[PDB]
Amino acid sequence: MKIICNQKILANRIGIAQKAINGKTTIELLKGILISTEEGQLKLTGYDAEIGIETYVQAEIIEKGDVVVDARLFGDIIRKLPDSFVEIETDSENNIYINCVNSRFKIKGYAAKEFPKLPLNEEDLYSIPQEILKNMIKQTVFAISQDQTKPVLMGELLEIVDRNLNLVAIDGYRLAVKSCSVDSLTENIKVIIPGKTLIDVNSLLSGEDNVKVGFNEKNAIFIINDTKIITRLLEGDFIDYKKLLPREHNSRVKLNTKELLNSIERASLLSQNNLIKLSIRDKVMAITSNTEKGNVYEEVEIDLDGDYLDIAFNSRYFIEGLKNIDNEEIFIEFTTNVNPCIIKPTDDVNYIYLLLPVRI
């Protein structure tokens, strides 16, 4: 193998392939990135049982071939080289020579022979705006279970129903749902993707252009410019989340998102399970906590329709919600002090954050 590429591009694409490398893998080779020549183009593959990534690096191909390199060492070298041309060559022992301005490295390489093939379509690929998918993941993924006895709830439900795309995260205490109507999504689909993997996907989305998405029985595939991400789907049944959305509310407040966040943050300084209390009255909502460490009384201006209410919540769950809402104002809907609240941005019909109270 013998190729020449730009340093900045190679470093950038190594970072992308690295996302699929599992440092705790049991298969030695899978700590490596597969480099392989194609046509005016190098391909980099990172592979794990849960996630495969292929990415392209424009290159002059002097001599075709492939080799596997330790993904961490490869990245550490390329990252420190100056912004110039990088020459990469292999010998018949699979040594890798990397040359760039006044640097010459020779490191160990490994035969490509046993490197997994990546599982597909392009006709069965659908176009979604990056910004949308980005925001969908961002506004939900923090809400997945961390309970490893519930692997399914460590996934998010991605569902297309009648040209609506929905991404759903639930953990037994809160539920986050973000929707968009996308026209290209003419087929109904329901799958569960590990949230960990959706975080990786989100990191590769820029916010311009589209990501092309496809699904089979075993995998979801995301195409972002020249990058292909393949994510193993979770098998099983998702919680029937639609049944948890209240049909009615007895109270509805409107308030400034950041104002509430700041107040909960302050109130939570004392309660650090993390309890805070909301006292909904006309014109003001009080946020309080009382520990033996002290008490906090915070006030936030509200507009109220409906009943006065006192209700307790986990501050972390509340904070994690409000942190991820850039909207200036939110509505929050309530019924009784044992039922969830529902947060809805005033200027976004497409997002729900539902949260169970603490019965105390």
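In case it trips you up, residue 1 is the first one in the sequence shown, and so on.
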Legend entry - Sequence continuity check, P119 and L120 (deposited residues unmodelled): 1 to 3
Inset, instruction - If the chain runs straight from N250 to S251, say none; otherwise bin the unmodelled deposited residues as 1 to 3, 4 to 9, or 10 or more. - result: none
Inset, instruction - Read off the CA B-factors in the entry, average them over 33-41 and over 296-304, and name the higher stretch. - result: 33-41
Legend entry - Mean temperature factor over C-alpha atoms, higher-scoring stretch between 274-282 and 182-190: 182-190
Inset, instruction - Identify, among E123, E156, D76, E87, the residue whose C-alpha carries the highest B-factor in the deposited PDB entry. - result: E123
Inset, instruction - Tell me, please, which of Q139, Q130, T288, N256 has the highest C-alpha B factor according to the deposited entry? - result: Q130
Inset, instruction - Would you check the entry's CA temperature factor for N166 and let me know if it's in the chain's lowest, middle or highest third? - result: middle
Legend entry - Ranked against its chain, the third holding the CA B-factor of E333: lowest
Legend entry - Entry-reported Cα temperature factor of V57, expressed as the chain third it lands in: middle
Legend entry - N350 CA temperature factor, ranked by third within the chain: highest
Legend entry - Relative C-alpha B-factor of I360, binned into the chain's lowest, middle or highest third: highest
